[PDB]
Amino acid sequence: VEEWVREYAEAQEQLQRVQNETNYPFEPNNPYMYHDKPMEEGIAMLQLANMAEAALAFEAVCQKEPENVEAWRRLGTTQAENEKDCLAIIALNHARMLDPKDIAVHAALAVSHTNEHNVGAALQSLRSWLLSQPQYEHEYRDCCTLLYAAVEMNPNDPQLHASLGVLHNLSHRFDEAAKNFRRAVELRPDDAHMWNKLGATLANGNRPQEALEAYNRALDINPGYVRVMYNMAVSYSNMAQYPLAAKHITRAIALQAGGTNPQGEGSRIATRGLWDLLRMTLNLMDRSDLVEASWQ
Amino acid sequence: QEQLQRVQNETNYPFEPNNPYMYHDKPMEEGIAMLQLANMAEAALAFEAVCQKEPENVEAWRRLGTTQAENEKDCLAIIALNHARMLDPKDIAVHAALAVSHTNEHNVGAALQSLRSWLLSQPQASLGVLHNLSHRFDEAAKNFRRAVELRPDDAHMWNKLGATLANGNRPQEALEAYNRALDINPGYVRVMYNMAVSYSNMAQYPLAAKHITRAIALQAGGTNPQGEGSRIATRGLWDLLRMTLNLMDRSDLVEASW
Amino acid sequence: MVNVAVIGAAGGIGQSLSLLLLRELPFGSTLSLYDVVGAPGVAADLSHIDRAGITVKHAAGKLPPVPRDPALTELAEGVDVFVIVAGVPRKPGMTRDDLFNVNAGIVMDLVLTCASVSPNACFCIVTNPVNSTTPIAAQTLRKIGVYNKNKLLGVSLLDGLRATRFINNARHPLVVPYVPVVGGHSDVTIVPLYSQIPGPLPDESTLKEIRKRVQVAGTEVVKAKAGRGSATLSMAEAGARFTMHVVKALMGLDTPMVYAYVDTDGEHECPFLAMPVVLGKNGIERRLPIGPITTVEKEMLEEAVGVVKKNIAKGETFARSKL
Amino acid sequence: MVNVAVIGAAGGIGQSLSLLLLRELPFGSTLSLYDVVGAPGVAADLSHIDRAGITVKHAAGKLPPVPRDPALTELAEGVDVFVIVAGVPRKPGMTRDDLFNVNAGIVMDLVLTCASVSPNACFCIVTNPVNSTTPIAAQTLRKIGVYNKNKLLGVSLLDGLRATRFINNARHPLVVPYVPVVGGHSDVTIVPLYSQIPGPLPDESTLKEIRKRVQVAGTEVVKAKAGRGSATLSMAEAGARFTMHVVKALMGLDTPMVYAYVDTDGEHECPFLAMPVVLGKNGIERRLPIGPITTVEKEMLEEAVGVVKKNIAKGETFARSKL
Amino acid sequence: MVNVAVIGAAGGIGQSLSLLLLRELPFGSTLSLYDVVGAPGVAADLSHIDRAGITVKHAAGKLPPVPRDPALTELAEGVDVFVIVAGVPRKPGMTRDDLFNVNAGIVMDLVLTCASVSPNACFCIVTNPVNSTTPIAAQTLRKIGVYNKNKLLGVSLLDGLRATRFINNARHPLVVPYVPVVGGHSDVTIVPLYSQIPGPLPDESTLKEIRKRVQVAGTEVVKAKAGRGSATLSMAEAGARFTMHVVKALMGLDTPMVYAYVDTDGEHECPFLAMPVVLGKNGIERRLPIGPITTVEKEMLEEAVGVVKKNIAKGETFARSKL
Amino acid sequence: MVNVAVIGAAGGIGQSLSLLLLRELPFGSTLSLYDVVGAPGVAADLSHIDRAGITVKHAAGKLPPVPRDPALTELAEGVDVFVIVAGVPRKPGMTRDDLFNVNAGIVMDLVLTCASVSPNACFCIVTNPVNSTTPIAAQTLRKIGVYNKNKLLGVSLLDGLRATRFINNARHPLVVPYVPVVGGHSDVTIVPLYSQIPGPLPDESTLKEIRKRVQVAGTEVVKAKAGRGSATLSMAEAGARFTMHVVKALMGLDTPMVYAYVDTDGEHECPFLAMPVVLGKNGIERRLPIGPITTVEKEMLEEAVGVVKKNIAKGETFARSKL
């Protein structure tokens, strides 16, 4: 008993310690704690879709010492790409205090705040991202004027244009942001995420027919973009193609929790919100057999 | 007591279960004799002791009603005398005694009906009683005053006179002239009630409390402390005392009321 | 909601007051009427008017006056305010003593029958000898066992209305809404405080004649009618306003101050007087002091309280009557 | 401002009407009470009330009804609106049809005396029977020398109130404001029009029952009041509302639409009917057609106007018989 | 007794609306206010208006908008009526969809906060557009699971008001109180049923013009206001009056009948059309049908419902891009 | 027939006051809105109200402030009552150096232009420096010369209404309709009177803070609003109430007594003060004295007389400097 009691006792003790330190209510069911010390699981995995248990592996390796920038940026990026942007905010806010380095921090953080409604903190995060860059280091109005003061300077600068597009998305000016992403993506036609952010500014522009044309082959780049298929679901809902939208939302719920989630449940991380996309959907079909009754 | 239950069922007249006398095959002679002494309160319990056995009038119900009217509980009197009236619609005294009993509390038309019944049984104080229905007290006193000289042998015949100068202001005459009516057959609780009312009307008179206490005392004499027996109908002065002590001087005997 | 019940519907005062009252009642009222004679006729007359939203209920006992009429303990269920307007108003050449004698029994019977069905109901006394019948109602409530010293208001607004009408005429353009009055109601128990209102008061010599005219108005009205009745509408108009104020305060959507014949806890030596009071969701809450008084006003006030002492003596003391 | 004579008060329909007008008339209005007996008493009783700004003038007459009473001519200068209600059932026990003759004869001399000095004044006769007295008034005005069909209004709002109350009583949680009524003002001559109001309508059986109940209610209300007399409260309310509408229209602050028994000016075969009409600054300004009528209830109007022919013809035959 | 809450205060439809509500809110009640900017402003500014018996509360918020504001979910407790009257100004461009794309989102926030603390308060929607915002409110309530179709009132009386004011200006001396208006509340989704109104009615050509104007009125204002602003004032009176209708009822002082934008419980298709309804103490208790219409009216209605069928589908599908 | 013209309905004290004046004016009245920029927009905004009987009109002025613009002259024809609201837009000024100067020219224009066409106008001053503009207004009237002491008036209900609200908060239900505030319309000059109030007035220690609040009440409005406007709705509501009182007085339907900044001829040595005045159908008929005061008000009045004299001296010094 003594030979292995510590392996679990100290594990639970440090888990609860990390729980009560700052944030991030860890999932109780890891089945990774005894083999998560070779952090390279996330590098061996997630290269071919299946970006669900890779987040679990990164959580299992981040339950250790918290002074690693990679362990606090990979979780944020994966969770943002997994459409669970609830704990990503707090995790990356914890990553904030680990120095203004790791410019991946403050880059997805602008996206992270503009995700739900956080207009105010997104501008501060984007400004902090911009100032933490010595190459060109030399209030919405001031924030956009600072970005406009560079434009041609660093012409390629894909991250700067991505930040500009994200900021433009917050101003409800999707028309100009549409052509921003259109000419931005052609510079690097490799990363599908820049394509994804394109489709959004076409989806919000009441032009879903073009927007889907952006997503489709982008899904071929990495068939793990839950956000892309969420966009397909909402576009099919907008086209009044309700049966196909229902099929797509069911597939989205299946794929998003497509892992050990039934046997590895935590605090549900407000996944009910995603489930809400299903809700009122049958309101178009009036599927009286199921309706709200299966909300559990 | 089965006969008591049966007569309670058939006749609305209440019967007190407590029967100190009971038996008494011949109640009439002592019932009418001892009231000549005092305290007809026993006498009424004697007449009910024969009315339970015999529903016949035979002057029993009439005398019971008159004695009950003599005491100041003139609500049982109406229902007691109604049975005598319906059984024997011939005698005029039953109707005459019912006229005053009705007109005591508030019965206006009932007194008019009763006086017609009294008068119709005649092949060949009524005016004063009729005036009592109205508010002609000033001119009402004439017939009562005249009636006194005719038969100065019964207190009641002028006792109603005294209340005449009690309920229409001017607490006089009866205040001093006919307050001694107890000298013959002392049981007139009505006299003490009227005297206390007049004393209250005039001025404070703390001795009015003592007077009314004595009135209740002889009214609550022997064989009266018997149990409930549907004897709530007494009531009366039980409220009036709570009046005086609450207002006059004391204002601290309110607890001594239940 | 509320349920106003006027006792003594038929007559000359009760029908006019009922008609005035069933024109500005709050929505949802359940006005009910009672009288020995008439009553069905007045109810049928009042059931044809428009402005639906008010339910009219009526009852009527037998013509011979029977104490504790069953109709009273048939209609008196679920009632909030009882406006007692009864007693003979056709006073003949007889003196005031006969009027008190004929009114005391009626008031006693009515209050005794009414209280035993709805103790938590305000009472509005309208009978002319209010100074003497208010302690009679107090006795009727006390002997039953339920008596609240904040729900025994008495109507006195007629004197105030007369006083303000008489003053608003003298000073012409200037107009006032209310004029304070202190004391009682009957004969000389009235003192109007004219020095507590804004505006320059008239000459002192006139003030005596206006005060005398305010004190003596019923005799003038009777003489104007050649002794064929009394003021059967003025008492039917101020009573409606007082009932409206009471019901509005009871509903909670008002907090007014009025001059009503009420019981004095401490304050003045006399148990009853006409002093300002404020109503509420339950009843009388804050009795108010009279305030500054002028020398002539204070001597008239001491005369008035001396008179009301004997009035309350002729009232609370009267007890009952028996033959 | 204005001067609303309430001539004929202090008796029946009066008194209450004066009390209602006292607290409803605009500031500066002046009342005028006239009657053969008891008028000074009512004038004195209606003078001690509040709301200063309204003055009360009154005059009385001579017991022997001297036609063209000189005193009444004194209470005629400056009057703009007249409310002629000389209603009295002097023979209630002996019910026979000379009340028509008595009322017509009284109204004849009354309107003659009133119009002999104040021609340009509206008339608002409320004296049953309103169907035949109005032609008598028109004939008297023609004989005088001055006549105007614009201001001869006959009060008929009582039928409207009676219909609206009943229609708002079955439809429980739904209330309506007014209901059209076209025809005369006597028994068979009144027909409700339940086809000009919004909302769904009930079945035909209950509609016919409501129609009959509105058709006949005077016998019911009379029988309810022990056969003592007719209804005097609802009539006062209707008259007060109608004269308030008239005085508001004359002052120039409202142009309401009402239903009036007025000359048709050739727009209908019978030159008298209860039609919609809009009042104005100088009387009637624009008559209106009845509108659409359902053919189911169309047959009733035929016999209604047929009876109206006979009533009006009797009205003129009696008028020409005397003068 | 009641606690009315205003959410879009002080913007351009705020202070005026609160001032209008203050002068007519019943005695003994509280009024609340809220806005991101100016909350410590007009709230303290209106504390100098006495209106005895009225207490004013307020709550502020951070200038950067934050979903589920912690300060907002403090004042929302204890309220009974909500008036979501928060909107955005009208810039010169303001193309369709995009403007809506903003006005929806804020509204959703303004529903999520004040829904977990009092799911028993009657709601009200004023934000322009209203044909599409009401489905958004309905679905937002349906997300939590506490939804009552009987309280989803949508302000469209600005329409009613408009119609009356025009049809009362052509037919001059005649005047009507209300004119039915079924449909929705924008462009060709508004059918003014001008044929259920009492009267003679003008000709056809004219009716047509008047009709169309009711539909294109907002434009006038926006235009006249030199390419800026909108229609605050008018849009306030409407809101105020309606609010009262609701308040009174709930307390039990009137049962009004309105014409709101309440989901259709199995009625004529178009589940968010405007039909006449009658209010009550629990919101809406009965839905009257449209009623008879002529050939001309059904020409507009047969195509107006098609336009509504498109906006109603665009409404209850709001999910912009997540991301 | 009354014609109310609002001159300067542009700011918060503008549109709001105009809207309050509308929907409550008597039938047949006319409202003439005027402004310099934006008059057509507000005119079209208010032209969609079910308020039949009013013919609201507008005539916008040229943007350059040319004196005696013909646009205002046409509108100001046939107007009975003038209210002046325009002046400094939002008070960006540093101190009294320019506010007393910049408002001076607009007062010149807005008084002389109206007086040149409408002598009998009874102008009402609402601009912020009442104590200085009122003597200036009198001088402007006297320049050409139509001046009458019973015509010029200045609103002062803001101070009294503010003082009334404070007391009802402290004391439980003793509602006081009004309090007689005296002095001017600025800082220390204000003095509330408390001796002329019925009831148990509080002690001097607590009442001192209440007196201090009224004088300093203008400061916290700016403090809570961060120096962005002040006293918008309250001044508009008070001005609307005063204008309604004046209009009713001119109509002859009421003769009340109020407190307004008036030219006190005689009595107090100051020419212009705030003394109670009764309103008749000519202007101001009879003035009233201040009345008795206790010890503490003596020094307050001794300071207020000096402050008022100095303010009037400053106004007269600025007078005849441009004309």
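The first chain written gets the first letter, and so on, giving A, B, C, D, E and F; residue counts start at 1 in each chain.
By definition in this document, contacts are C-beta pairs under 8 Å (C-beta built on N, C-alpha and C of every residue); 3 or more make two chains touch, one makes a residue touch a chain.
Here's who's who by UniProt: C, D, E, F = malate dehydrogenase.
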A-E or C-F, whichever has more C-beta pairs in contact: A-E
Distance between the centres, which are taken as Cα means, of chain F (malate dehydrogenase) and chain D (malate dehydrogenase), whole angstrom: 49
Whole-Å gap between the CA centroids of chain B and chain E (malate dehydrogenase): 79
Gap in Å, rounded to a whole number, between the CA centres of chain D (malate dehydrogenase) and chain B: 63
Gap in Å, rounded to a whole number, between the CA centres of chain D (malate dehydrogenase) and chain C (malate dehydrogenase): 36
For chain D (malate dehydrogenase), residues that touch 2 or more chains besides their own: 53, 175
Of all residues in chain B, the ones touching two or more other chains: none
Chain-chain contacts as defined at top: A-E, B-C, C-D, C-E, C-F, D-E, D-F, E-F
Interfacial residue positions of chain E (malate dehydrogenase) with respect to chain A in the complex: 62, 64-67, 97-98, 101-102, 105, 109, 139, 142-143, 145, 313, 316-317, 319-323
Interfacial residue positions of chain D (malate dehydrogenase) with respect to chain C (malate dehydrogenase) in the complex: 15-16, 19-20, 23, 38, 40-41, 43-46, 48-50, 52-53, 158, 160-162, 164-165, 168-169, 175, 217, 220-221, 224-226, 228, 231-234, 236-237
Residue ranges of chain B in contact with chain C (malate dehydrogenase) within the complex: 72, 74, 100, 103-110, 132, 135, 160, 163, 166-169, 190, 193-194, 197, 200-201, 239-240, 242-243, 246-247
In the complex with chain C (malate dehydrogenase), residue positions of chain F (malate dehydrogenase) that touch it: 172-175, 180, 196, 198-200, 255-257, 276, 278, 280, 285-286, 288-289, 291
List of chain D (malate dehydrogenase) residues in touch with chain F (malate dehydrogenase) within their complex: 1, 26-28, 53, 252-254
